[PDB]
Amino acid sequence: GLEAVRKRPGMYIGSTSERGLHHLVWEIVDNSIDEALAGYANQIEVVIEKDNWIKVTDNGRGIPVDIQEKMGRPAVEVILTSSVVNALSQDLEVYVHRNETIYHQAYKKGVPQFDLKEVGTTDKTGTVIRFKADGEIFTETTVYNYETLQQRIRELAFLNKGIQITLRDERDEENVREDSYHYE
């Protein structure tokens, strides 16, 4: 089912060009926005990291991790192994804060590298997604454009007043830029 994505990506994502690259960010973010619209998240952060990794953080409830009765996998693994973003990423990581626990899993091309495991304790809730778009699939470019992300971020915040959405470019550690939107 997921190899179907990696082989016919545009049928899911729409071209493998730059707009396709940026579509990835919006898929994860839209999801965080759902968490806000459901009334739990009020802080969303997007970071462009070295290597053009992308990180997205919200403080919603965190993707569920309970064993989803049917195959015996944590719901979050079940969900991530249906994520187009995961499928079109050469590496993807997730961290869930839930039940005062930090849960972690990593993937390659949508394939789980190991079982979901607890890697810490926390007094927060929420989800962290870090993914690195697949170079094999996004030829042409794998470099995110700041302006493009920023404009969409701004609309998204104005569309969802009361939700703080922060964008930050860390691809140059000596020169770090951030914009943060929070409309009353």
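Heads up, when I say rigid core I mean the largest set of C-alphas that superpose within 1.5 Å between the two forms. Quick note: we count residues from 1 along the sequence shown, nothing fancier.
The higher RMS C-alpha distance to the shown form in 9 other deposited structures of this protein, out of 125-133 and 66-74, belongs to 66-74, with every structure fitted on the core. Set 50-58 against 140-148 and average the Cα temperature factors; 140-148 ends up higher. Higher mean CA temperature factor, per the PDB entry, when comparing 101-109 with 70-78: 70-78.
In the PDB entry, the Cα temperature factor peaks, among 13, 25, 163, 167, at 13.
Remark: residue 34 belongs to the lowest third of its chain, ranked by C-alpha B-factor as recorded.
The entry lists a Cα temperature factor for residue 132 that places it in the middle third of the chain's modelled residues.
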